[PDB]
């Protein structure tokens, strides 16, 4: 109905809740998101100042038979900040509180907070850290319910795994604290938007063991495709050996030629060269152009380098954005990559890429480390024993080309086939969800054998399906 907006806006007006609809003059300014390939088209946007107003917005959505959709800082690569067109979007910006409990060492952050100010408050107040995504403007809540693997996650774990309590407002306005060990908390670790509006969240915190830490580059230049594949398999072997500490981090670009990457080291700075020596020795046997450059930085200066100048600003900086389409696969330590699989990946993606209307953007992050003690059943998003996080992407120079998606999906299909051929099952990463997958595909790749349990929790907490608000929302059984 094309007067649905009118009934909703009058419902919200009567509840004292600031809101806009597409006849408001600020509609354009309030419908902005990071992903430019998709166009936001909510039915209305509410701006609750407190939990009572969130409850009143939920009732309004139910009364007009529309879905409810939380809007954080708008970073979703899938457009989920606004969701499927026709939602009542609930803008969470007022929920910006952050507080630290120095007795428990738990940090509490509101449902609309950004990474930068949460980290800076914790660092300035207590000299402590919480693993986080590589963008100070990103929503802490949104990024944490979708995984959030960051540079410190090989030794400190992921943002999602370090949560301990989530304060939910459910579809009927009831507030509940979901604690670690419960079904609602388990479901929120991978599918949090499907169960309610998150008002605040508590997380573990950590003390860095050294004042300074290291950012490095590793470069091997222009290699043959076979030599590039050997190099990746050698990096993998090092990462699985006794020579690689969990305080290491490394991102291997999928941009070749050239072959190179960027990494970090969070152990004792003077140990760096001995940590890297076994890796460099092996890579030198593949190419003499192997070269490592490194810098020692104070803890916070390195954090600003990783996640941007917004780390120092009260809203975490600027949104930015471009037009792109993300694909992403994860693999585990039960299926280390072969030289053939590494070559097929690069041959089909970055080495074949020949568009002049898009610019390729690919990389694979070394996971591993403390993922070794995680089981796929421990959290809704199955990531036990993850070893690689692979992202293959491309951003449009202008508008996104009509054949871009089919071109990009065909690029990496041979690699997917090769993973299956060697006996792996295809897996994904929620924050890098692939908008083009069927339900059978994304449910298998994100939730594998947790999916049936996830749907039973969904019926318990959202029987009306009010929060079935994006393409990969958990359905009712």
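Positions refer to the first chain, counted from 1.
S.K.: Which has higher Cα B-factors on average according to the PDB entry: 305-313 or 391-399?
M.R.: Higher of the two, by average CA B-factor, is 391-399.
S.K.: Out of 408-416 and 61-69, which stretch has the higher average CA B-factor listed in the record?
M.R.: Comparing averages over the C-alpha atoms only gives 61-69.
S.K.: Between 424, 437, 430, 55, which one tops the list for Cα B-factor in this entry?
M.R.: Highest C-alpha B-factor among the listed options: 55.
S.K.: Quick one: which of 215, 158, 224, 78 has the biggest Cα B-factor according to the entry?
M.R.: In the PDB entry, the greatest C-alpha B-factor among 215, 158, 224, 78 is found at 224.
S.K.: Which third of the chain does residue 27 land in by C-alpha B-factor: lowest, middle or highest?
M.R.: Top third by C-alpha B-factor.
S.K.: Ranked by Cα temperature factor within the chain, is residue 131 in the lowest third, the middle third or the highest third?
M.R.: For residue 131, the deposited C-alpha B-factor lands in the lowest third.
S.K.: Based on the entry's values, in what third of the chain does the Cα temperature factor of residue 442 lie: lowest, middle or highest?
M.R.: Its C-alpha B-factor belongs to the lowest third of this chain's values.
S.K.: So where's residue 120 on the chain's Cα temperature factor ranking, which third?
M.R.: Its C-alpha B-factor belongs to the middle third of this chain's values.
S.K.: Among all modelled residues of this chain, ranked by Cα B factor, put residue 137 in the bottom, middle or top third, i.e. lowest, middle or highest.
M.R.: It belongs to the lowest third of the chain when residues are ordered by C-alpha B-factor.
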